[PDB]
Structures are given as structure tokens and as C-alpha cells.
Amino acid sequence: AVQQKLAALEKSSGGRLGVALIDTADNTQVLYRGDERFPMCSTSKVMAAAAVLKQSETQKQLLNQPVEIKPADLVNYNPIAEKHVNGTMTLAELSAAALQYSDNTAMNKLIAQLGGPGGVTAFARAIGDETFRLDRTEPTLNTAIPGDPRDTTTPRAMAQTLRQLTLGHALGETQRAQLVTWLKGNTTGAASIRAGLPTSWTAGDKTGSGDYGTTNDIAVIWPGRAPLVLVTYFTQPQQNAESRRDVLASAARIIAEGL
Ligand SMILES: O=C(Nc1cccc(-c2nnn[nH]2)c1)c1cccc(F)c1
Ligand SMILES: O=C(Nc1cccc(-c2nnn[nH]2)c1)c1cccc(F)c1
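Residues numbered from 1 in each chain as written, not as in the entry; some residues may be left out. Chains lettered and ligands numbered in written order. Heavy atoms only, no water.

Header annotation of the entry names X-ray crystallography as the structure determination method and lists the resolution as 1.410 Å.

The PDB entry lists the chain under the name Beta-lactamase CTX-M-9a, from Escherichia coli. Of the chain, the UniProt comment under Catalytic activity (unreviewed entry) reads exactly: "a beta-lactam + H2O = a substituted beta-amino acid". On record in UniProt, under Sequence similarities (unreviewed entry), the comment for the chain is "Belongs to the class-A beta-lactamase family." (UniProt positions renumbered as here; feature names shortened; annotations may be inferred.)

The next thing to look at is the sheet that holds strand 9 (residues 228-235). Spatial strand order, 2-1-9-8-7: five strands in an open sheet with antiparallel pairing. One side of each edge strand has no neighbouring strand; the edge strands of this open sheet are strand 2 (28-32) and strand 7 (202-210). Ignoring strand direction, the axes of neighbouring strands in this sheet form an average angle of 5 degrees. Pairing between strand 8 (residues 214-222) and strand 9: seven bridges, direction antiparallel. Its bridge partner lying in strand 9, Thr215 is registered against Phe234. In the packing of helix 7 (residues 173-184) onto the sheet, contacts are made with strand 7 and strand 8, and the angle to strand 7 comes to roughly 70 degrees. Strands strand 1 (16-23), strand 2, strand 8 and strand 9 of the sheet are contacted by helix 8 (residues 245-258), whose axis makes an angle of about 140 degrees with strand 9. (Pairing = 2+ DSSP bridges. Helix = DSSP H or I, 4+ residues; strand = E, 2+ residues; numbered from the N terminus. Axes fitted to C-alpha atoms, helices over the stretch in contact; angles between N-to-C directions. Contact = heavy atoms within 4.5 Å.)

Near ligand 1 you find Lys54, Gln55, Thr58, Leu114, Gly119, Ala122, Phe123 and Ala126, and these make up its full shell. Contact with the protein chains covers 58% of the free accessible surface of ligand 1, which is 480 Å². At the level of secondary structure, the elements contributing two or more residues to the shell around ligand 1 comprise helix 2 (45-56) and helix 5 (117-126). Per element, the largest residue contribution to the shell around ligand 1 is four residues, and it comes from helix 5. Here the shell around ligand 1 is composed, by residue class, of four nonpolar, three polar and one charged. (Near = heavy atom within 4 Å. Areas by Shrake-Rupley, 256 points an atom, 1.4 Å probe, with all protein chains shown as cover. Nonpolar A, V, L, I, M, F, W, Y, C, P; charged D, E, K, R; others polar.)

This part takes up the pattern of salt bridges. What the rule picks out here adds up to 15 salt bridges. With a shortest N-O distance of 2.9 Å, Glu57 and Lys54 are connected by a salt bridge. Bridged by salt links that share partners, the residues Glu10, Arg16, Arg33 and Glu36 form one connected network. (Salt bridge = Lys/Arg side-chain N within 4 Å of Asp/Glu carboxyl O.)

Below, the discussion takes up the packing of helix 2 against helix 5. As a packed pair, helix 2 and helix 5 sit with axes 9 Å apart at the nearest point and diverge in direction by 75 degrees. One element, helix 2, and the other, helix 5, form an angle in the roughly perpendicular class. Where helix 2 abuts helix 5, its residues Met47, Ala48, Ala50, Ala51 and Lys54 lie against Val120, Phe123 and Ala124. Class assignment for the residues of the contact of helix 2 with helix 5 results in seven nonpolar, no polar and one charged. (Parallel < 35°, antiparallel > 145°, perpendicular 65-115°, else oblique.)

Structure representation (C-alpha cells):
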């Protein structure tokens with residue numbers, strides 16, 4: 001039923017849809033193209049922020065560390081970082097800016113703090129994600145070229161990792177709480193997964209988009225039942241395709257009605 005509905009949605013959308021649900025009530029999973037690779041785009045910002053949080057477990061002052069923002073550091077979407085040019089932002093501010101505003105300059109500073117895109121991948125491997133790969137910095141990590149393995153993961157792997165980070169023991173308790181607080185404070189998510197969920201439910205999420213009309217969202221959801229983790233990835237055959245947040249909302253609604 002749910003599988004057929006997601007297939008119909010995908011067909012009418014003209015693109016390629018990837019879905020992974022984990023229901024933590026009983027570990028049930030719903031997968032649609034769960035093991036195909038998709039470009040993560042800004043959903044990768046969660047892994048970068050989480051890695052810096054992991055570093056902060058052994059450097060308790062790390063989130064207070066100032067980082068210089070120079071004019072040359074500004075890239076293509078810098079809603080927070082542009083205010084601090086020729087000044088500084090703390091690693092906490094950079095994490096919040098990347099997660100809650102999807103600031104690309106902020107993400108680049110997180111990547112640099114981790115020793116480059118490979119440092120983000122190394123953290124993923126350390127927590128048991130063998131699928132995630134970050135290869136590039138912003139903005140080129142969002143090129144989303146069909147068939148390109150760079151900066152991709154699978155819906156199954158990202159759902160598992162998001163669960164470990166937000167509901168499991170990948171991070172210390174304080175760090176896990178901070179990540180959840182940041183995600184719940186996202187400003188960019190109302191039109192995506194959360195648009196397809198009952199209004200009484202609470203959630204945190206991280207969106208992403210790129211070329212090929214790539215439109216992504218990953219969410220942790222608190223419904224009268226145990227939390228859910230939901231990943232919805234979507235990408236289209238033409239480089240200049242329009243974003244389709246409505247497709248993510250539709251996939252989420254199909255999932256929610258199928259519960
Ligand atoms: O894997 C990483 N850190 C990590 C992973 C798992 C456990 C721990 C740890 N911290 N204190 N004890 N163990 C650290 C990591 C963090 C930042 C950058 C990087 F490349 C790797
Ligand atoms: O950087 C890009 N997009 C971008 C930048 C900042 C935030 C987001 C975003 N989309 N949904 N959440 N965040 C997307 C980008 C778009 C097209 C091609 C490209 F190379 C990069």
C-alpha cells in the first residue's frame with residue numbers, strides 16, 4: 001500500500017525519490033529506494049555539526065572558540081556569516097547557523113575545524129556509518145550530478161545515523177540534547193517533511209537542496225507513540241529543475257497515514 005503510493009508519487013513527480021522511516025516503538029522500517037545513493041546537499045550539515053559536538057566532549061570550551069570570518073570566506077548563501085565578516089563567530093554560533101539557517105560559510109568553517117570533508121566522513125565511520133561520504137566543501141558539494149558518488153549517502157544509512165545521533169549514544173547526553181535543540185529550532189523546514197505531518201506532532205529537521213532540482217529533508221519526530229526518524233531525498237533528471245518541497249511533504253503524509 002505505502003510502497004505503491006510512494007511509487008505513484010515518484011512517477012507523477014518525474015524524479016527519483018528515496019525514503020527511510022525508522023519507528024523506534026518497535027524498530028520497524030519503511031524503505032523506498034532505501035539503498036540507492038542520493039546527493040545529501042545540506043542534510044550533510046548535521047554530520048558536520050555532530051562531529052564538532054563530539055570534539056567538544058573532550059574540549060569542554062570548544063563551542064566557545066572564536067573563528068575568523070574574512071570577506072574571502074563568504075560563499076553563496078551566508079545569512080548569518082555576512083553579519084560577522086572581518087569579525088568572528090564561535091563554533092557554537094557556526095553550528096547553529098549551519099543547522100538552523102543552512103548558512104554555507106558556517107558549514108565551511110565546521111568542515112575546516114574537522115580537517116576537511118574527509119574529517120566529516122571519518123566521524124561518520126567512527127559511529128558506524130559506512131555509507132556516508134563527504135568529498136567537497138560548500139557550495140560545490142550540492143552539484144548533485146546523477147551518478148556522482150561524491151557527497152552522497154543512502155536513505156537507510158542516514159536514517160540510522162540520525163537516530164544514533166539524536167536518540168542514541170553516538171554523542172554524550174549534553175551534546176545529544178544540544179543537537180536536538182538545534183534541529184527543533186530549524187527555520188527552513190515548514191514546507192518539507194513537517195508539512196505532511198499532523199500539527200500536534202513535534203519535530204526537528206535539516207533540509208537540503210542543490211542542482212538537478214534536488215530537494216531533501218531529514219527529521220526526528222515526536223508523535224501518543226515513540227519517536228520516528230524520517231529521511232526523504234528527491235532528485236530530478238534536468239540540471240535546472242525546480243525544487244519540490246511539496247514532494248517531500250507528500251511522501252511524509254503517505255508515511256504518517258500508513259502508521
Ligand atoms: O571520530 C571522531 N571522533 C570520535 C569518534 C568516536 C568517539 C570519540 C571519543 N571522544 N572521547 N572518547 N571517544 C571521538 C572524529 C571527530 C572529529 C573529526 C574526525 F575526523 C573524527
Ligand atoms: O549551495 C547551494 N544551495 C544551497 C545553499 C544553501 C542552503 C541550501 C539549502 N536548501 N535547503 N536547505 N538548505 C542550498 C547550491 C545550489 C545549486 C548548485 C550548487 F552548486 C550549490
